[PDB]
> 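Attaching a single structure in structure tokens format; questions to follow.
By convention in this document, chain letters (A, B, ...) are assigned in the order of the sequence lines, proteins followed by strands, and residues within each chain are numbered from 1. In what follows, every heavy atom counts, from backbone to side chain, and hydrogens, waters and symmetry copies are set aside.
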Amino acid sequence: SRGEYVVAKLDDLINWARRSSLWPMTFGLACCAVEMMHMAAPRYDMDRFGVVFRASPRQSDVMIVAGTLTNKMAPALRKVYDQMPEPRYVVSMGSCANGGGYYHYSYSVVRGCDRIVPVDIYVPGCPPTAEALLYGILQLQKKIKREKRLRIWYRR
Amino acid sequence: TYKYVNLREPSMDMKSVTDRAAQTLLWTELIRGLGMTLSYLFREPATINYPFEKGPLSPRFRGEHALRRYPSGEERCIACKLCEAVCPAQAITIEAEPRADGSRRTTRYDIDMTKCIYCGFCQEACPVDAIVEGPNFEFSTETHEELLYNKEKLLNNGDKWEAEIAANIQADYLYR
Amino acid sequence: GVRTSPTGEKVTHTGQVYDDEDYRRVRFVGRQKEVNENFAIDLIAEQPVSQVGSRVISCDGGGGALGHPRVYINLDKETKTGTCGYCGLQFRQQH
Amino acid sequence: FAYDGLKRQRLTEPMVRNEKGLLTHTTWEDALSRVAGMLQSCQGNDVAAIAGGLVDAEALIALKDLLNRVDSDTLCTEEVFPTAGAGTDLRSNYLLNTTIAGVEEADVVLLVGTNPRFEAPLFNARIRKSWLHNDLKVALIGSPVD
Amino acid sequence: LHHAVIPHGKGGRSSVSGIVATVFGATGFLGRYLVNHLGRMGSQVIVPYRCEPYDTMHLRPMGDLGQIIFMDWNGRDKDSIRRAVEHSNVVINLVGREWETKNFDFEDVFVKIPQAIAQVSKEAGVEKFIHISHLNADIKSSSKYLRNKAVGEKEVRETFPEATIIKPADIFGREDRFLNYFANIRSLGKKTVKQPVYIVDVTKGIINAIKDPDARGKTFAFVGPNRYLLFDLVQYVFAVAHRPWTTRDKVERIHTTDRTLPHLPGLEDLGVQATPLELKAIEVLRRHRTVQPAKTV
Amino acid sequence: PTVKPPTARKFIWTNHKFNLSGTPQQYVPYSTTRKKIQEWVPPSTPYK
Amino acid sequence: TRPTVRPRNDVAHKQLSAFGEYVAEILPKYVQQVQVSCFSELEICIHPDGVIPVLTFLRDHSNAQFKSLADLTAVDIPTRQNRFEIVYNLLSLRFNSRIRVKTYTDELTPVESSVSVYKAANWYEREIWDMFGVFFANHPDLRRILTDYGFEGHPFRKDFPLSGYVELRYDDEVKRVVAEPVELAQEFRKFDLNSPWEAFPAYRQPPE
Amino acid sequence: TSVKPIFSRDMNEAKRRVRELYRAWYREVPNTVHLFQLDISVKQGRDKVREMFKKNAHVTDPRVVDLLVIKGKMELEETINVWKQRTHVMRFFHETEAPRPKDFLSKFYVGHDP
Ligand SMILES: NC(=O)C1=CN([C@@H]2O[C@H](COP(=O)(O)OP(=O)(O)OC[C@H]3O[C@@H](n4cnc5c(N)ncnc54)[C@H](OP(=O)(O)O)[C@@H]3O)[C@@H](O)[C@H]2O)C=CC1
Ligand code: SF4
Ligand code: SF4
Ligand code: SF4
Ligand SMILES: [Zn+2]
């Protein structure tokens with residue numbers, strides 16, 4: 001119908017604007033912070049995608065969990081995720097954020113950040129390269145591109 | 001065999017004192033810093049055009065794991081569990097048995113890619129070049145269990161990437 | 001050399017397939033069961049048996065340092081061919 | 001090598017008879033209730049017990065105390081030992097009283113009615129070691145086995 | 001019983017509870033805490049979702065890996081219902097709307113879709129089916145909600161005769177539409193008597209109804225421990241919240257007294273101690289803060 | 001590979017595939033072993 | 001033995017043996033053993049009552065001047081009745097040398113805090129409280145430094161398991177990160193690696 | 001049998017330190033329920049304090065109860081200073097944990113544990 005066409009074009013508009021202006025809050029926990037900083041470094045340059053360098057956590061769009069989540073910092077991660085306005089996304093960078101990694105069997109490590117927050121992109125590596133992290137951010141943008149918020153709203 | 005950083009006593013004649021006062025009032029070093037930033041403004045940036053331009057790698061690069069085969073279709077892995085014995089994160093889970101023609105072959109070859117530390121001790125422990133850590137780094141997932149590889153996924157990665165993996169091993173096996 | 005269970009599920013080169021009353025098929029609902037369709041037991045059986053004139057043959061798998069460790073296969077039994085324990089290539093004394 | 005029989009034919013779940021007379025899977029509550037409802041109706045010689053060949057002593061005294069609560073002494077084994085005379089009262093008349101090690105101290109071994117090669121293969125291995133090193137004289141009463 | 005569905009572990013996150021659940025309407029208020037309480041035992045939860053997958057993301061940390069299977073479905077597509085339920089050993093229905101929409105009236109949400117879910121669950125061989133009615137569901141009710149929910153309860157009973165049908169009165173929690181409705185109304189006081197039940201009590205009731213083989217074919221009435229008049233309840237809500245979207249069908253249900261059904265079993269017959277509202281109302285309404293308890297009957 | 005082509009093998013995929021995550025063609029993990037313990041199937045005949 | 005063997009340093013071995021005799025005869029009240037390894041490191045094994053008199057001496061004697069505390073360590077050896085082995089590593093920048101002062105305690109005997117000698121120790125032995133449960137008396141602010149705030153037990157004890165007893169997850173019911181008894185989806189696979197053959201006959205212990 | 005003390009020469013000074021620690025926790029509990037904005041009552045938190053003290057009431061060694069008073073003061077110092085979050089205070093109340101089977105019969109039903 002006509003309303004189906006209008007909500008299709010408006011979903012395309014809002015998804016274009018949300019994926020083309022992603023603002024990350026990076027948790028610089030461990031070694032993956034260095035490779036996030038290389039994804040911001042002038043070779044890869046996240047800012048040319050509209051992905052700014054160090055937005056404040058009250059205005060960020062994605063939470064990049066870059067490093068080991070210990071048990072002593074799991075509620076801090078949860079509190080920052082609760083303070084993020086929607087639509088918020090979470091990229092899990094590297095093996096300790098993904099599944100505990102090299103510290104999986106430790107007494108003090110959350111076995112993957114997915115026990116604390118919902119995770120949208122899992123970027124594997126130890127550390128994953130800055131090109132691999134930029135790949136994960138572009139896959140997150142493609143995930144935002146195919147969101148159907150107003151179309152499902154028009155069908156509900 | 002050592003040197004003194006910042007042990008210069010500055011000259012107190014009217015020439016040097018007037019030089020430092022002109023630097024203070026007329027902001028000469030601030031213009032120097034502005035000039036260096038302006039000099040980078042007119043340089044070509046170092047930014048490659050990802051995804052269309054890729055970062056440089058080498059045949060030693062340790063990316064996505066793969067199980068390899070012989071040049072006959074037979075898989076190289078003969079179930080010796082050296083890779084999971086050397087595995088520093090215990091990402092590899094192996095169960096084996098003799099198959100229908102009596103060969104020593106695995107029935108479980110799991111690699112948890114979210115325990116894996118990507119150090120490639122498995123591919124240097126491997127005596128038949130069966131497990132390799134191949135060249136792929138662009139294999140991010142939307143779900144955690146899509147990074148829990150079984151034997152089928154690793155053999156499919158080997159069949160997918162063998163044309164590149166074999167040439168990287170051909171480039172690097174003389175250093176090994 | 002893949003085949004299929006009566007549930008419509010592919011059977012792996014190991015032989016793994018879920019039962020019909022196993023709930024764990026629900027993980028492939030809306031998705032796919034990933035199997036590899038190049039079964040190595042069928043591919044090594046396509047290789048022709050190598051006729052050699054010696055009594056003991058060496059095999060390293062081909063490629064020299066790129067193959068497996070070089071082993072020595074006896075070929076005195078004429079009932080059975082001599083199989084490489086690593087690569088599965090089989091040999092026969094031609095006499 | 002009999003450890004692979006330890007994963008075939010295994011009883012994993014409680015089973016009861018259905019309305020059609022077939023063993024169907026059930027919970028522990030249903031199976032133990034249907035056994036206890038019959039055990040409460042029994043008394044005296046109404047309930048007995050046969051212990052098998054692989055049963056630990058803990059389950060043996062468990063089933064003995066359970067049937068003694070219903071006043072039943074009929075707890076039996078499948079392997080017959082004669083209760084004539086002293087019976088199972090004194091331990092000496094049903095043990096290998098010497099030892100397995102005491103075979104090395106013997107000089108005449110008399111074997112009656114047994115094939116100790118297959119009934120107790122390392123008791124036979126100890127007999128052969130005493131045969132070989134101590135010049136043991138062995139005699140057999142029974143069929144001429146190897 | 002199949003070997004993969006025998007319970008193992010100590011009942012934690014990596015355990016196996018032996019419960020393979022298809023929870024329709026798992027993206028709501030009740031489905032949130034039900035999928036939480038199922039996923040912490042180690043249950044295979046199938047969540048069929050209608051909405052955007054973003055709006056399901058909060059269900060993902062609730063279980064171990066592979067223990068929540070998200071899949072698309074539609075209320076008017078029985079093939080998707082069969083695609084969701086044909087591996088489960090229990091199917092819980094939680095589909096509901098407080099308002100009728102352009103595409104789904106109260107008869108679609110309460111009569112058509114529960115009968116469809118229960119019929120496809122009957123013919124696929126699902127062992128247990130739990131359906132959630134409302135306590136005040138009546139054919140001669142003043143509100144279309146309760147009329148269609150009584151009709152749908154009758155149809156679920158006649159198409160899945162072993163269905164555990166559960167009657168909650170009024171559910172309160174952090175994401176409710178009962179105390180958050182009263183805190184954001186800033187309609188009146190009448191002779192309406194209510195006994196509201198807590199969401200963790202309802203969730204423990206649903207899980208104990210899964211585990212109980214006696215709960216097949218029963219009808220349970222989940223009520224709170226204290227009956228309140230509506231006026232002093234709303235005054236207690238404005239007192240705890242530090243205070244001085246609607247429709248007329250919602251107002252008809254607010255002014256419906258919570259009926260007394262003593263012959264139906266409740267939370268105590270499943271082993272759930274019903275939490276009084278004075279223990280949890282502070283937890284619910286702390287967010288609305290920028291208190292002597294109410295009188296019962 | 002126009003100058004130096006890769007070494008041809010019969011098991012190498014003739015069709016390359018991109019990252020299939022988020023699609024119905026994606027990898028789903030599973031145990032590749034068979035069943036460890038065999039259960040005793042009771043007799044289907046009656047016992048009287 | 002030229003290319004692949006580590007060359008032995010005999011001058012440093014002689015000098016460290018002589019200085020070990022020196023320390024053992026200046027402080028006979030506390031020094032229990034003095035030993036020098038084959039790679040030329042001096043260990044002074046003392047009684048735990050002399051943590052402050054020995055370490056002040058090495059800090060202040062004109063022929064010691066161990067002005068640096070490199071590292072402070074505990075080692076849990078459970079077959080010893082004094083199962084914790086407190087290891088001080090000292091550096092003399094003047095004499096270009098390192099010394100090791102080892103002592104002992106169990107769970108209940110407090111070690112005297114060495115913060116009055118080296119302030120460097122202020123966190124280190126605090127770590128020894130957190131990881132091992134060795135109490136340090138007259139410490140300024142003794143509390144945990146590395147474990148989580150509600151942590152029970154001391155992790156670097158060897159009877160403490162590799163994973164803990166509790167693990168965290170976010171729970172949406174209570175809206176809170178919660179602690180639960182630990183379950184692993186894959187148990188840590190214990191590998192028995194030790195060869196049944198003797199490797200070093202120079203380290204053979206006498207039999208019983 | 002002659003050991004070095006920590007703070008207490010015998011059990012009398014030790015019980016005095018236990019008693020002062022219980023006093024300090026009893027005084028602290030309403031401030032803890034307020035500033036962490038816990039969803040419990042002061043009676044319930046003080047019952048948890050009493051439970052944690054009476055759990056260790058079987059100990060007859062002065063050094064062990066000295067270290068228990070030391071660790072209780074460390075817990076209290078981490079609670080007065082807001083070093084714990086709400087999560088660390090509520091880990092004493094095992095709220096998300098299912099109740100364990102206590103009798104023989106339900107432990108027999110659920111698994112192999114004694
Ligand atoms: N106090 C209470 O809330 C009480 C509730 N109940 C009943 O309990 C159940 C759950 O309650 P509650 O959590 O509050 O409900 P919610 O409004 O919070 O959510 C209901 C769920 O049903 C889904 N749903 C609704 N309409 C449709 C439809 N047409 N097709 C497919 N899915 C649909 C929603 O999915 P989506 O996210 O896509 O919209 C949502 O997941 C309901 O059946 C309700 O009638 C009974 C008594 C008291
Ligand atoms: S996944 Fe590995 S490399 Fe990355 S931050 Fe963790 S420990 Fe460092
Ligand atoms: S790369 Fe290292 S951590 Fe990963 S599987 Fe191989 S040995 Fe294990
Ligand atoms: S991959 Fe290599 S090291 Fe690992 S079991 Fe197979 S043959 Fe052995
Ligand atoms: Zn070969």
Side-chain angles (χ1 to χ4, degrees), chain E residues 7-17 26-45 47 55-68 171-176 198-204 206-207 275 279-280 282-287, chain G residues 74 76-79 83-84 107-108 126-134 143-194:
Chain E
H8 294 290
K10 290 179 76 72
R13 185 177 176 89
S14 295
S15 296
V16 178
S17 67
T27 60
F29 171 59
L30 274 73
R32 180 186 289 268
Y33 289 163
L34 181 60
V35 172
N36 203 168
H37 278 274
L38 285 170
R40 69 178 65 182
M41 296 184 290
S43 298
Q44 181 64 257
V45 179
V47 173
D55 294 330
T56 63
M57 284 299 118
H58 65 281
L59 296 175
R60 292 184 181 270
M62 291 180 182
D64 200 73
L65 298 181
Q67 295 297 107
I68 301 100
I171 301 170
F172 60 94
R174 287 188 181 91
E175 299 87 0
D176 59 350
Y198 181 55
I199 182 60
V200 179
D201 296 333
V202 177
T203 303
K204 291 181 182 295
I206 294 170
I207 281 183
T275 302
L279 295 177
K280 301 293 181 181
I282 177 63
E283 179 174 359
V284 170
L285 296 170
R286 191 181 296 276
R287 187 263 307 276
Chain G
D76 191 7
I77 303 164
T79 187
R83 65 180 289 179
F84 298 113
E107 297 90 352
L108 297 178
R126 181 176 165 189
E127 180 179 358
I128 297 174
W129 170 253
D130 197 0
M131 298 297 107
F132 293 94
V134 171
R143 57 187 175 90
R144 69 180 67 251
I145 186 169
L146 293 179
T147 54
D148 197 0
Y149 290 103
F151 192 82
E152 295 179 355
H154 301 287
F156 287 178
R157 295 187 179 182
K158 282 187 178 289
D159 53 352
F160 194 86
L162 184 61
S163 300
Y165 295 99
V166 293
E167 62 180 359
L168 297 187
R169 68 176 181 86
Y170 178 72
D171 189 73
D172 194 80
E173 172 188 358
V174 296
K175 297 294 188 293
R176 189 173 66 243
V177 174
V178 300
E180 288 176 354
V182 58
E183 292 182 354
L184 297 173
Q186 191 179 10
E187 181 183 0
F188 180 76
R189 287 172 288 169
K190 186 181 95 276
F191 289 167
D192 286 330
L193 295 176
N194 296 321

> Which bit of E/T203 comes within less than 4.5 Å of chain G, counting heavy atoms only: side chain, backbone, both or neither?
neither

> Just how far is it from atom CD1 of E/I199 to atom CD1 of E/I171, taken to the nearest 0.5 Å?
5.0 Å

> Among residues two or more places apart or on two chains, list those pairs meeting salt bridge (charged side-chain N to carboxylate O under 4.0 Å, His left out) that have a residue in residues 154-165 of chain G.
G/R83-G/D159

> For the atom pair OG1 (G/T147) and CH2 (G/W129), what is the distance rounded to the nearest 0.5 Å?
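Reported value, rounded in 0.5 Å steps: 10.5 Å.
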
> Pull out the residues in residues 171-180 of chain G that come under 4.5 Å of chain E, heavy atom to heavy atom, sorted by number.
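G/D171, G/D172, G/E173, G/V174, G/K175 fall under the 4.5 Å cut-off.
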
> Looking only at heavy atoms, which two atoms of G/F156 and G/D76 are closest? And how far apart?
O-CB, 4.2 Å

> How far does NE2 of G/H154 sit from CZ of G/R144, to the nearest 0.5 angstrom?
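Output value for this atom pair is 8.0 Å.
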
> At a heavy-atom distance under 4.5 Å, which candidate from E/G9, E/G173, E/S14 has the highest pair count against chain G?
E/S14

> With rounding to the nearest 0.5 angstrom, report the CZ to CD distance, G/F132 to G/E107.
12.0 Å

> Using a cut-off of under 4.5 Å on heavy-atom pairs, state which of E/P61, E/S15, E/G42, E/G39 scores highest against chain G.
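Going by pairs under 4.5 Å, I would pick E/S15.
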
> So, using side chain to side chain contact (heavy atoms under 4.5 Å, CB included) as the criterion, who are the partners of G/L162 when residues are at least two apart?
A/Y105, G/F188

> Could you pull out all residues at least two apart from G/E187 that satisfy side chain to side chain contact (heavy atoms under 4.5 Å, CB included)?
none

> Among E/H58, E/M62, E/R32, single out the residue with the greatest number of heavy-atom pairs under 4.5 Å to chain G.
E/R32

